[PDB]
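K.L.:
Let me see the structure of the following:
(6 chains, ligands or ions: 2)
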Amino acid sequence: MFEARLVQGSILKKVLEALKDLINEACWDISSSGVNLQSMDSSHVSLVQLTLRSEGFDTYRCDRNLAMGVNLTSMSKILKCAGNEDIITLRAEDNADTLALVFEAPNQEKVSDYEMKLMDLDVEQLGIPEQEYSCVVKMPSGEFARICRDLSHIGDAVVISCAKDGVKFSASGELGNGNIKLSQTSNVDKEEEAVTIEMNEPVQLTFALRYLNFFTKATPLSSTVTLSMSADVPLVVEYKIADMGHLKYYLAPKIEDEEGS
Amino acid sequence: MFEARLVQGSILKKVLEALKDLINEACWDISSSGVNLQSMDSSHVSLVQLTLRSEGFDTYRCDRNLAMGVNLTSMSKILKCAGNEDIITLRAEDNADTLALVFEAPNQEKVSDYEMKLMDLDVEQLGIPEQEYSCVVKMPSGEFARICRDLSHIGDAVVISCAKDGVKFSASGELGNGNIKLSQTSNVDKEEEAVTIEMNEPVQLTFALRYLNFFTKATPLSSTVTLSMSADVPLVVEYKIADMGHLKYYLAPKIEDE
Amino acid sequence: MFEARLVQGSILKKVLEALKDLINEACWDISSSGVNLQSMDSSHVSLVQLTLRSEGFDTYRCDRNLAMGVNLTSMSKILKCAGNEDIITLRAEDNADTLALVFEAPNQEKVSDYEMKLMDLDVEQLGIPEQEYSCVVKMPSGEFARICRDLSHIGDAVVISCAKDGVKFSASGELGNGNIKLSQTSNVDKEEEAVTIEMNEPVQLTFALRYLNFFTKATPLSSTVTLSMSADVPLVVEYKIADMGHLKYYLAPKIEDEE
Amino acid sequence: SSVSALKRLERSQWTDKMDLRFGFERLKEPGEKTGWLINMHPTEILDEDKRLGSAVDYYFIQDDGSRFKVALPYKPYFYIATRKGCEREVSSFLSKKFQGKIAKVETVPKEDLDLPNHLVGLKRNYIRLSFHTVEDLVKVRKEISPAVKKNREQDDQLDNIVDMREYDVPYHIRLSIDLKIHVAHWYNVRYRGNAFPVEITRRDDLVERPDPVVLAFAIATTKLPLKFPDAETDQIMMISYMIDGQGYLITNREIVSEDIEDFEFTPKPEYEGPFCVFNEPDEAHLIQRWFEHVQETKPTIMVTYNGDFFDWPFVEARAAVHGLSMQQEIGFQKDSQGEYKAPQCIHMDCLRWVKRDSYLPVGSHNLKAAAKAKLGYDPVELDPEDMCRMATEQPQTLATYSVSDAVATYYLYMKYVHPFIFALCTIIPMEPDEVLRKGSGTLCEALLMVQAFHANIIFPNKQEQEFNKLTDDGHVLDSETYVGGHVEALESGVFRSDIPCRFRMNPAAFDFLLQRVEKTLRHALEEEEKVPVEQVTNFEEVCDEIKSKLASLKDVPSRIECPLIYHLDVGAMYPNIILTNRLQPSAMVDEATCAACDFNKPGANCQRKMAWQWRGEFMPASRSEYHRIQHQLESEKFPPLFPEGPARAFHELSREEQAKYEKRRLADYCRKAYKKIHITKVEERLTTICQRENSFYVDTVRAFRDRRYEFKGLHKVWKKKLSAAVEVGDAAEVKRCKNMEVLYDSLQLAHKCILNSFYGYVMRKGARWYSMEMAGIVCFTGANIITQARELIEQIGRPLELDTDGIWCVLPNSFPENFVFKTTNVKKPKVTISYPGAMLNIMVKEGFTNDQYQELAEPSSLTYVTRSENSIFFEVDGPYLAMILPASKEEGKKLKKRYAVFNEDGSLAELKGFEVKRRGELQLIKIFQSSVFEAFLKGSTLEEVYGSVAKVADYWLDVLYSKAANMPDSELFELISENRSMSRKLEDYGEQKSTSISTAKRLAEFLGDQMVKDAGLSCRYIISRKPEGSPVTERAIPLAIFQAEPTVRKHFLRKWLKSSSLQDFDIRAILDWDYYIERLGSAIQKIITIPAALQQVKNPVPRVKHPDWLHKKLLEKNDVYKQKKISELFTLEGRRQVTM
DNA sequence: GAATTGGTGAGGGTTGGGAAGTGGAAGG
DNA sequence: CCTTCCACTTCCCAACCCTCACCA
Ligand SMILES: Nc1ncnc2c1ncn2[C@H]1CC[C@@H](COP(=O)(O)OP(=O)(O)OP(=O)(O)O)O1
Ligand code: SF4
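P.N.:
Numbering: from 1, shown residues only, chains lettered A, B, ... in the order given. Ligands and ions are numbered 1, 2, ... in the order given. Below you will find the coordinate block:
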């Protein structure tokens, strides 16, 4: 069997609400180490990864490693019935026909239970660079979400430039241009609010904003985000769930014709 | 000639919108003892009853019994214009075919003054038969509202079962069946929080959830709501309107062929 | 060169939220006296006039008067990108085809810079007439907004009547008819809530509610509204915008002569 | 009784005097003669007791112009069937019951197709009941029908009656069938004296028809300005008419200002049109003169173009004003159906033909259009507003017009209608009035009844109609249907043989063809031409040039070539499929009937199986909810049928009311209780056809098809002669042969409608032989054939359109095309084949051909011989110079059923579905389309192909943006107008909102119900700006107000523009110009610009925006940065699937 | 009583569901 | 006294129904 309990369903709710837009279905990797999810959007431009360590759950059992397919928008329906502070329980049995969910009010005044029907899927696995990235920045998550939303109004694609003096987002369209610039926080007010740049050497790249507007739905998970970038290779964004683990997106850049020359 | 005055005018607004969408038009019944109303949804699945006691009004003059047809959309689009603390006057002539509505603002500097045409209806009318409700429940309103809203995404019919240990709501559908339990509580912080069942024998029945998604719109009238049931008998939903009256919805259960 | 600075950037945000429905493309003009805009609406039913005095800006340079064609529908979407507390700076060079808008968060940890292309427009306008109108009414704007919404629910048009005791509105339509009066306040408790009237001669006029129900879009811009009305002249609806500016809508009455 | 008998005798006498006044003497004295049967009517006459009895008056004409009548009495009848063995009891009961009301009862054995095991030849007894008159049948059936009905509802001696049949066949349609009496034949007639019936019998010896006298007439009236005329206020100005090629005119000299004199009017050297003229001093004298001249010339056929609408009611009322009873003097009376009919002569209206048979668009049902198209000349122009002034100021112009309408009506009647109708009457039992008027389904039921009677088959009763039948899953069905013809539109843009086109080709396709070329040519020569391969010399010459060109393709598939535009369709597709499968409406069966059949034996090949797609729509309500709502209605009370009546209970509603109320209740319930009011479902079904069942229907289709094919062959021959005369350059011979070509084309087209009706009839409401499956199978096989032809052609080349029958395609320039063969028989000296047809045809032959067709060899031995048959053949059309297709504005939607095609000569060949053809679409759209298609012909390269059209279509945008600055003030009233029209009374559209209803209500305010009152109202309107933001239906301003008086116009415009202060009331101010600009933009986008971006060319029209989605996808194409896939930066580790 | 069939374009109105924006009251 | 969450209202698009007339 698989069985787990989580004291605060708002975490799993905010996760499903962040996956819902970008990927239609995925199959969970369940193991004694915890749960992981990886899947690729139907256009293969971008790739989702999630890690939820077993040590974050209130109780955990996984008698054998398991995988099972879920249509995420259907799960994003049922989990809308979990209350904002309800405690949540998941159970599955090795035929994987159905996933049981139970929600309990903080006072056990009420009990709610559901049977999510599971499905069969085929999916491919991608490799992981594990390189260092020539630039990394850490940032308030709401400020990055604001930058994405506003510049997305100006145009479909963003240019990133990072240099030791500061980082820049830029975009253009028939209206004209937008530029937004960030700098090192001079003295830390609190570690969540500071912006910090670390780098080897400067980097410049471009990306389709359409996927960033699906990434920023992570904002209610944490006040913090990390961006990692290196020349001519995918951009990586990371959000972290204090006890549970991490959610990361990988986005392939656009490259020039000059290699065609 | 009829006239009545009510200081807590929002009572009229809320009770009107809890019908605004559900019933196209109805005939209001007026007597010295109060104002009364029965109507059915044009589907003829459900019956609406409203009563306001004349004792509860700020003023009440009624020289003879009267009945008057109105289409509720016309009243609703007017009563939108009343502020929630405005004192509301209804004035009508049995001699004529219009209803006058006057809103007095408690700042005593704003007044508003509307007239609308009645409708020419007459209707065939009976009282509800009294029944020994083998099951009844009192609930806080928000719990019932959330139950019906949540279950509406799982499916389009509810199966309810209850006994003195609790009431269970359950539903089934292609996206997955599920349940909610409200076990009978024994202690409460306040009577507004109490759930309370009373029973002669257990009951279970099936209801059309997309109608309870209308009956829920009475929630802002009252902190609490009452349900009553018996086998092969319509379910009653009842709300109490302050001290001055009550509003009730009667709906038949879905017939099962077997 | 032209450049200007505004710390109350939210006021400039909310001005364009008002203008965008009445005119989608218009020409601003800039002068040593301040910034002005005026036009007919696209339907040519009504006329709008707005100015903000240069004394209202936190710094201001205007070496020559200039006029800038701008698409309000686009510039509104640009200004949606500023935060409400952000300082707004505008600049353009006299030869330039481009207007620069720069927003500073007071932390200075973030700056955002936007370039927009102007467009080359020429505009028909005349110097606005004014008179000492026989009636003037001052009101809390939220009340007038609710009144216009309520009458727009019932029907097409309102008749507006002023008297020494109070100001009165009435309208009728297919479902019914409706009348409202606000009395003059007997003794003002606080100035934001006082309803007050000037009344030289009785006036009554008819107006089509569509255009009042647009003019009300400025409601977030100022807590009190003023109505200036007289026989044989357009109604003026006027909002005053802090120190530096004002917004005037001019609307001609509905005409009964057809009888 | 006596009152009815005396009234019938009175009218029978009156009619006998009426026709005797026209010279149709009754054959009172014994004798023997011959004549041609021109008309008939049913009648009652007095028998040897002078009891009334029913009879038919047959009207004959002799070759010398003498004419006569015979009344033939015949006793109508119908059949009943009893329960087992009850026939003697039932017949004795019936014969005692209605003594003196019934004529005879008798027992007849007949075969009924539905009977179990009937192929053996088993048959069952019926009792015929026959009556002294139809009036007693009409009574007595009502004594029986409720009893047999209640017996059926469950299933005295009357209960032993189990069913009744044929009780509603029209009396004379019984007679013409039963005696094999038919119109337009020469007959002996013999009267022996009253001791015997009259004999009528055909003689086939005589070919030539008589030449009966025929009159056509037309009229014109005074009228009020800007409104219709009416019969009270207005008086006839002139009447023009022709008899047998001599023309006549009558004019009211009191209104017409000068004397009119004879003149001659000649549209063509063949239409000589001599017109005599008479001048009369008053309307009463004009009427009297016309009545007298008709009483003199005594025509037998009379004709009018749309007569029942205006001419007869108007002239009747003008006669009644002067007390002249037209019903007495002429004999025309308005029948119950609103149709003017007479006892002694035939009234034929050409518009009842053109509407039904011409295959003109509704755009051309105007006399001037139908004449201009068929006759090739223009009748002359007038406005109804000017006639009164022109007749006052310059009479001869109205005389010329009214004469021209006569000439057109007469010659149009003679050439097209006379041969076609009188030919068809030879085989349909009905009178010429009835055959012309009746609907196409009933004619075909008559032909089928003729054949069924000869087959001695008792008919089934009409199909009774179910309401609210349930699906087996319990849902109430809204609708049932079979999936129709397949349609797809694969390509877009432009094709011309003049310029290269890219191709790609599968190299195994050419190998598949080349491996069979010989068989393809052998089959194509032997079956299609019927010239055997032995009778031809050089079969081996062509085969090597084919094989060499196919190999040349196989070795180089990928190429750039000019296209060959060809169209490939299947002639008479659905008839031919019916024949080839031997489909018959009676022949579909289940296993349960085959379980009884003695031929249900191992090794049999009697049953064929074919597949079709059923479609249904049903409401979501459960069976339980519907049944409960029925129970709930048990308490309901309903208003009476009339205000004074008592209120009805729910059970006092009829079924036809109850079903509608239950539908309304269940629909309103579901609108709340479920999200979706209607669910649509499609299902594959297979149905079994018996191949042995009686062939009468299929043989009928065979005969009528062959009748069409005779004319089709004649058309082909005359086209060949035309082509020869064209190459020789003999313009007089071309002109003659073109006349022949047009005539025979029109004849075979007219036959097409009634031929195809054999397919649709099988579904028609109430039809006797009704079954849905045969209506499905012939659609689905017609989808299969064209799908597989799409597969095969798509490998060689590029399909461009696929409608129900036939592909349009482009083929590579090197393809085999035509070959010529030399025969050894002078009957067919040279033979020509084109390879595309043979290639497709063999594909059809291999799969589709029937190998189960059976025919009875020996009626006495029940022995059937198997055969094989195929009648399905493709035939080529083309090649064509240019082809163009439009494209839809919505991304990825394929805009079907619109294109233009051009002849090699550089002139329009086909042009389909556009506003230029539709009746009354916006005139600006018509002119834009017409010019741009003419522009696509021009230019030499695909850049110039579009660049040409841009320079034209810019003209109209320039006009709109100029506000038509220089356009004449009247010219706008044409250019900007829609001309839409209505099918129903405004009182019936009622509450619904749209521009047509809105402008009709707009007319009620200005001119009142005199316009509104009746169907066929037409509108002209513009949509106006001033009530800004009012939804579009509420801005419709009719041109009537621009035509009204200034003060009335200004009043109504003030009333509707809500404008007090406007000085310049003017369409140019009032037009909502940008509505028209966006209408033109959303037209031109569909024809030039989107067809350009889909053909990889720069934007052809600067001024018109591309749609947003297109502009985005084009811009993403066109920049230097490319979106890599993530799979190109990170390695793929493997593929996994997960399953439960 | 008398009455062929199904597919699709174009223009217009109605309905319902989701996203975004503002205000209140609730929580700390 | 300040900040966040929830409810309610407003705005926009997609989907479905009405007609007439040509195409098979
Ligand atoms: N009036 C009608 N009624 C019923 N079905 C009809 C029909 N008109 C067409 N059909 C259905 C059934 C036939 C099918 C195709 O009609 P084509 O015009 O392509 O005529 P085809 O039979 O091929 O003869 P061709 O004209 O080529 O000589 O459309
Ligand atoms: S198809 Fe064959 S088995 Fe069926 S009824 Fe006809 S002959 Fe008999």
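
K.L.:
Name the residue of the stretch 201-350 of chain D that lies nearest to chain A.
P.N.:
Using Cβ to the nearest Cβ, the point where the stretch 201-350 of chain D gets nearest to chain A is residue D:226, with a distance of 53.2 Å. All C-beta atoms are positioned from the backbone trio N, CA, C, and that covers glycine.

K.L.:
roughly how far apart are that residue and residue D:997?
P.N.:
Here residue D:226 is placed at a distance of 21 Å from residue D:997 (Cβ to Cβ, to the nearest Å).

K.L.:
My guess is the residue of the stretch 201-350 of chain D closest to chain A contacts residue D:1045. True?
P.N.:
No - Residue D:226 is not in contact with residue D:1045 according to Cβ atoms under 8 Å; the separation is 9.6 Å.

K.L.:
can you tell me which helix in chain D is longest?
P.N.:
Using DSSP state H, we find that the single longest helix of chain D is helix D:696-728.

K.L.:
for it, packing partners?
P.N.:
helix D:440-454, helix D:573-581, helix D:731-760 (3 or more Cβ pairs under 8 Å, 6 or more residues apart in numbering or on different chains; DSSP states H and E).

K.L.:
Include mean neighbour count and distance to residue A:127 when you put these into CSV, please.
P.N.:
Output for those, formatted as CSV (neighbours: other Cβ atoms under 10 Å in any protein chain shown; distance: least, Cβ to Cβ, whole Å):
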stretch, mean neighbour count, distance to residue A:127
helix D:440-454, 19, 71
helix D:573-581, 22, 59
helix D:731-760, 17, 63
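
K.L.:
Where does residue D:256 sit: helix, strand or coil?
P.N.:
coil (DSSP: H, G, I helix; E, B strand; the rest coil).

K.L.:
Could I get the contacting residues of the closest residue to it other than its chain neighbours?
P.N.:
Nearest residue to residue D:256 in three dimensions, chain neighbours excluded: residue D:395, at 4.8 Å (Cβ to Cβ, 6 or more residues apart in numbering or on different chains). Residues in contact with residue D:395 (Cβ atoms under 8 Å, 6 or more residues apart in numbering or on different chains) are D:251, D:256-258, D:260.

K.L.:
quick one: which of these has the most company?
P.N.:
Neighbour counts for those (other Cβ atoms under 10 Å in any protein chain shown) peak at residue D:251, which has 25 neighbours.

K.L.:
Next, the contact list for the residue of the stretch 1-150 of chain D found nearest ligand 2, please.
P.N.:
Among the residues of the stretch 1-150 of chain D, residue D:119 lies closest to ligand 2, at 5.5 Å counting by Cβ to the nearest ligand atom. The neighbours of residue D:119, taking Cβ under 8 Å, 6+ apart as the test, are D:597-599, D:692-693.

K.L.:
How about residue D:57?
P.N.:
By Cβ under 8 Å, 6+ apart, the contact set of residue D:57 is D:40-43, D:69-71.

K.L.:
Going through these, which ones are buried?
P.N.:
D:40-43, D:69-71 (16 or more other Cβ atoms under 10 Å in any protein chain shown).

K.L.:
And the residues you listed, which is closest to residue D:113?
P.N.:
For those, the closest approach to residue D:113 (Cβ to Cβ) belongs to residue D:42, at 29.7 Å.

K.L.:
Residue D:78 belongs to a helix?
P.N.:
No - going by three-state DSSP, the assignment for residue D:78 is strand, not a helix.

K.L.:
The nearest residue to it once chain neighbours are set aside: how many residues sit nearby?
P.N.:
Closest residue to residue D:78 apart from its sequence neighbours, by Cβ to Cβ, 6+ apart: residue D:167 at 4.1 Å. Residue D:167 has 18 neighbours, counted by other Cβ under 10 Å.

K.L.:
Report the secondary structure state of residue D:167.
P.N.:
coil.

K.L.:
Same check on residue D:861?
P.N.:
On the basis of three-state DSSP, residue D:861 is classed as coil.

K.L.:
Against residue D:146, how distant is it?
P.N.:
As judged by Cβ to Cβ, residue D:861 and residue D:146 stand 47 Å apart.

K.L.:
Then residue D:974?
P.N.:
63 Å.

K.L.:
More neighbours: those two, which one.
P.N.:
Counted by other Cβ under 10 Å, residue D:974 and residue D:146 do not tie: residue D:974 has more neighbours, with 13 against 10.

K.L.:
Could you give the number of residues near the closest residue to residue D:199 other than its chain neighbours?
P.N.:
Using Cβ to Cβ, 6+ apart and skipping residues adjacent in sequence, the residue nearest residue D:199 is residue D:190, 4.3 Å away. Neighbourhood size, residue D:190 [other Cβ under 10 Å]: 18.

K.L.:
Show me what the longest strand anywhere in chain D pairs with in its sheet, parallel or antiparallel.
P.N.:
Across chain D, the longest stretch assigned as strand under DSSP state E is strand D:31-46. Strand D:31-46 pairs in its sheet with strand D:52-61 (antiparallel), strand D:186-191 (antiparallel), by DSSP bridges.

K.L.:
Secondary structure class of residue D:144, three-state.
P.N.:
helix.

K.L.:
mind checking how far the helix or strand harbouring residue D:105 is from the chain centre?
P.N.:
Using DSSP states H and E, residue D:105 sits within strand D:104-110. Per Cα atoms, centre = their mean, to the nearest Å, the displacement of strand D:104-110 from the mean C-alpha position of its chain is 40 Å.

K.L.:
right, and the helix or strand after that strand?
P.N.:
Taking DSSP H and E, what comes next after strand D:104-110 is strand D:124-130.

K.L.:
isn't residue D:637 right up against residue D:647?
P.N.:
Yes - because the distance of 5.3 Å satisfies Cβ under 8 Å, residue D:637 is recorded as touching residue D:647.

K.L.:
so where do the strands sit in the stretch 1-150 of chain A?
P.N.:
For the stretch 1-150 of chain A, the strands defined by DSSP state E, counting those that start in this stretch occupy A:2-6, A:25-31, A:34-40, A:46-53, A:59-62, A:66-71, A:87-92, A:98-104, A:111-117, A:121-126, A:135-140.

K.L.:
want to throw those strands into TSV with distance to residue D:565 and mean neighbour count?
P.N.:
Listed next are the strands of the stretch 1-150 of chain A as TSV, based on distance: least, Cβ to Cβ, whole Å; neighbours: other Cβ atoms under 10 Å in any protein chain shown:
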stretch	distance to residue D:565	mean neighbour count
strand A:2-6	66	19
strand A:25-31	47	20
strand A:34-40	46	20
strand A:46-53	47	20
strand A:59-62	68	14
strand A:66-71	49	19
strand A:87-92	63	19
strand A:98-104	60	19
strand A:111-117	55	19
strand A:121-126	46	16
strand A:135-140	61	20
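
K.L.:
Any chance of JSON lines for those strands, columns distance to chain D?
P.N.:
Below are the strands of the stretch 1-150 of chain A laid out as JSON lines (distance: least, Cβ to the nearest Cβ, whole Å):
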{"stretch": "strand A:2-6", "distance to chain D": "13"}
{"stretch": "strand A:25-31", "distance to chain D": "5"}
{"stretch": "strand A:34-40", "distance to chain D": "7"}
{"stretch": "strand A:46-53", "distance to chain D": "6"}
{"stretch": "strand A:59-62", "distance to chain D": "16"}
{"stretch": "strand A:66-71", "distance to chain D": "5"}
{"stretch": "strand A:87-92", "distance to chain D": "10"}
{"stretch": "strand A:98-104", "distance to chain D": "9"}
{"stretch": "strand A:111-117", "distance to chain D": "10"}
{"stretch": "strand A:121-126", "distance to chain D": "4"}
{"stretch": "strand A:135-140", "distance to chain D": "18"}
